[PDB]
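Considered here are two forms of the same protein chain, supplied as structure tokens in two stand-alone entries, structure 1 and structure 2.
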Structure 1
């Protein structure tokens, strides 16, 4: 009892490459793909319903922002489907189930290409990785550096953010914002969150996407203790670790049109702000989702200083 036929798969070439620039450096916050390509022969003895496995490196994941991990089919050059796959998160393994393609054709070889992202649960901070991808029996490895973003800093105003989750059925996006990650003395701290853009220097711009921010937007604020270090990945997997101070700060969800503001007053600590807001779906399946943050503080010369950040998701 075992429909697995990896023993009948002959892998003739495998490769690990990158989606943006073959750096040896993965730009995880620019959504740089880690690409696994594998060429192989399928024995004639393989039949419809047999399965083969392919293993991701544990530090990668088929999607960095949604929970849909459905793998691309294995096809021939004309797009005829050779095998359909199901992904198992815990083992980071695809099980491909062969279609009747392998009953209809013989002496078949194929290629598959898998796009993956760094798994931020497994890669909290910048680090070196020896990635290993496996089409059992065969393994291929590559050493890389994972790099994350840095905050925009203008005097005591310092801030960064990512879209950490996207739900395309509920049409909600999650923004994880690091406020004052540098743990500076930020006087009269305000953080504004708005649909569209916020330039690095704080300037608002319409931008190339939009969200809905109103009285029903969810906004949570968490204080970071001085002994705590935030993951450079900008994604938090357990918020109970942090002090919920949502009722301690002043939050105006109607600060403007699709625009909210959080008044922190004087702080000496980092904070995490997690925002869940709705977006307007695109008629086909097109996404134009964009939301920006501005941090305002009072600098030592008693003028406002501004720092800005914008996250964007665009489709096809």
Structure 2
């Protein structure tokens, strides 16, 4: 019962969530906003469906798996349509309720947020984004930019939050240690709740995590000819060398603070940390965790590099209205 041909799109556009500069700052958490205004033909009836298509390179939620499309509701809360999302086709199917049997001259407005899908965009690139409402397409050219490591002599590090589970209250951090493959002497990495400044200085910050013996920490060695994705997200760990049992890990080094002793290294490593957080903290954006890399430089003192992640959120909207059928 697809009625895309009965949906008339009167306005649609793609806009950037933080700054209109033609560049999606994906590691700054910059979202993409797709807005669509459309009319629903009077012939549309309960159970009929329409579709909304996201660009293949975008995804409604970057770090959670729990996306459910927002209802389309009228001003008093009547549900006009219920939506289901197919991740594989990047498509919402909206199914109309008997609202459309009781009202006519029905129109609706969708505001759908999305992020760069790191699986589809492993490295920086130019994209021609194309979104669609009921098969009516609109496009926007953008560049995707990712972050760079903080570099101080041979200390060089970067990290992202790569997953968030709001049911089990776990957050996953993916850390690139020495991505530049430098000769990093006496390498130690600290992971801590709250903040680590670019120069390694600790700060309390505005979020927290819980780090203890039940924190999960895995460490992988990257070969000299292996290239890490700029997205900072690893979807398959199988081609890297698991060296978790060959480095020293102290999950209780300090208060909510773990550290890893690497010694002298000449290679990049990936560290994946799964820590807990305070239930509900995601609604206050109060989940924050940082990393510090220390090495000994050629002048016999320590060089530090720091990196901190936090979370951002968006909320879709779907509204409509109509006049009562006599």
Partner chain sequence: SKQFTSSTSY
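Numbering follows the first chain given and starts at 1. For the two forms, the rigid core is made up of the largest set of C-alpha atoms that agree within 1.5 Å on superposition.
Undergrad: Specify the structure that is the form deposited with its partner chain bound; exactly one of the two qualifies.
TA: The form deposited with its partner chain bound is the one given as structure 2; the other form is structure 1.
Undergrad: With the core superposed, find the residue in 199, 89, 81, 212 that moves its CA 2 Å or more between structures 1 and 2.
TA: The displaced C-alpha is that of 81.
Undergrad: With a threshold of 2 Å on the C-alpha, tell me if residue 249 counts as moved between structures 1 and 2 once the core is superposed.
TA: Residue 249: C-alpha displaced by less than 2 Å between structures 1 and 2.
Undergrad: If we fit on the core, is the Cα of residue 286 displaced 2 Å or more between structures 1 and 2?
TA: Residue 286: C-alpha displaced by 2 Å or more between structures 1 and 2.
Undergrad: Taking the rigid core as the frame, how far in Å does the Cα of residue 225 move between structures 1 and 2?
TA: The alpha-carbon displacement, core-superposed, is 0.5 Å.
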